[PDB]
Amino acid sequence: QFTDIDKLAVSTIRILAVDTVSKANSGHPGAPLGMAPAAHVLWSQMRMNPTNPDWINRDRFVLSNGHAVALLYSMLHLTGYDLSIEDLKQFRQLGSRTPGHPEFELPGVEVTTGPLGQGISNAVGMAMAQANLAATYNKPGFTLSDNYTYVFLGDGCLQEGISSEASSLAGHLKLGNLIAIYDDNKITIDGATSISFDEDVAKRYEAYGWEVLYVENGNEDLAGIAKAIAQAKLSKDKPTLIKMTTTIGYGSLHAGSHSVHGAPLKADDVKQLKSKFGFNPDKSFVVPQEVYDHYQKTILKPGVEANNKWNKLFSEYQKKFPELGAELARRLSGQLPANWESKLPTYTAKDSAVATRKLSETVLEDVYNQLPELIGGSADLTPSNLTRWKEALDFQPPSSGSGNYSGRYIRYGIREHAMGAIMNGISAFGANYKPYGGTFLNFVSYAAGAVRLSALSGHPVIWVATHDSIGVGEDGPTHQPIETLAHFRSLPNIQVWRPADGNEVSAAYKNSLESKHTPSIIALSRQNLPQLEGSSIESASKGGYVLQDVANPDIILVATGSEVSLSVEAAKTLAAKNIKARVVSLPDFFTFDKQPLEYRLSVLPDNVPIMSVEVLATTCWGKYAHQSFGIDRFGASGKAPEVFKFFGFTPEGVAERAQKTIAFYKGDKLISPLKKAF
């Protein structure tokens, strides 16, 4: 049941969204106008506290078609969130709380969206984290976790391959609290969908195991829209897609056209719209009092009460289940277990040569039980990534017989881009969830649209990226990374760890898991690497450090990963012809760059030749080294020692390029690459 006030609230939403876009003279009015009825019906029945946007058991809303952002900012204002009319008047302007696409950082905005296909795939991750939280902490009489995940989406999201991968996994996992509403308005930027998008969507979604419901009149059928949503709540075992037909830019003089997609409405058009809906055409950013009163009564006071009952329940739960209640209280505060890092493995020079992939396996097996918030996964490369702890139970529907929702190991299938946006979703859910995902380093590049949002939003997800170089060997250039780490070291706000040995792998895991706002790629080797004399977790935690020192060196060798042991053999060959080399291990550029300049210049000082050593692209190394020995062409298919050799990466090959660097600069005064002038 809906009344006259509900229709006044739908008109107030539509005109607020239109006035926001028109003052900015930039933005997208069309999908805001077609989806306002659904937004009113959905938010009115969501359990949420506007006053406490972090309540762990709030229902979650994701706007996947992020260009429709004027609608999400109109709803957040009208329902009581911290977003005022003056912020809406600053839409798309420099420095405002209202950017052109929603950002994770704003209260009530769940994830950053706007790149198409990301929001629906993040919503699949949020629904998985809910299903895991519920299966881990709910007890008879204590339903602490039972929220819904709701998603709005458009034609562009359904054409993106990423939202196919996420929807196929979501259907397999039978995530029944995930309810997606598709704005089926037959329009994208180039015009009618008929021109390149006429697949049967409803049929594709039933193939994935989703339930598909239909709303023929999304423009005005409030009871049908409400019907459709509570029927979706009944199907516990299936995710649900509600295909809802609307007119893009409903109410506009050019309603139904692609011209209303992504440009402000004409002033004369805005005036007849306002007149039509019973509003004064000469006034702007007008909210009727009855509307503020209505959302106070139906959303905000019920939501504040719901959150208060949930808090009473949780403090009873902590009395009843002291261990589980202390664990979830610690997680809800963002804190890792005190002294958790005492459990990280440390090594010495006498321990054996191990590939850093197997060393990473050992860290996940030694800390999994210390950290209940750690949830892992592989994009079908579990045996090659060594991401699986053996006591692990898989994250699966309970009816499968392979695991249940309390499991902490996810089988992502061969879906790297949805694995990245799903890990962003699990992270964004809350409760200190620490998602990691595995794949070969070369195919993290398949997930670049999502990894970029991990860095922009600040979601601290971990990519466990194995098979980091030509050390892959025989699979050849299609599988051997060359450009990949130069790519992600150019991306702001991401750690790119390329650990050299066991102590450096524990350092990489310590910093990655302690991060609250920075994602991490941990690049790992196929081949065996020795345990280095001079490495430690303390040192390697600084991002870069002096591994092997010597007084008054002729050169500094800076290396990463498998090339650190090579540079150390190279300096032995150099010592024998009386050249003194300092060897510097640089396991992460990000973390090194964050150290104070005094520390960084003690690692890479003035007046010494510095040569970098790394079997990948040399394009990023001008910030740390004068000369660079790397590989700026594709790899080669053959046995890994033979391929290293072919590229010149032997102790004598490295020592010879160092002897050439010393000769080239002999008698010149050198300045550390670190020193900037501005």
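Just count from 1 along the sequence shown to find any residue number.
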Could you settle it for me: does 348 to 356 or 590 to 598 have the higher average Cα B factor in the PDB entry? 348 to 356
Do the CA atoms of 471 to 479 or those of 487 to 495 have the higher mean B-factor in the entry? 471 to 479
Considering only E327, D293, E416, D549, which residue's Cα atom bears the greatest B-factor as recorded? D549
Whose C-alpha has the highest temperature factor in the PDB entry: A640, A636, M611, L63? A640
Select lowest, middle or highest to describe the third in which the CA B-factor of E216 falls within its chain in this entry. highest
Give the position of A9 by CA B-factor within its chain, expressed as the lowest, middle or highest third. lowest
Consider only the C-alpha atoms of the modelled residues in this chain, order them by B-factor as the entry records it, and name the third containing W463: lowest, middle or highest. lowest
Sorting the chain's modelled residues by C-alpha B-factor and splitting them into thirds places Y208 in the lowest
Third assignment of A17 from its chain's C-alpha B-factors: middle
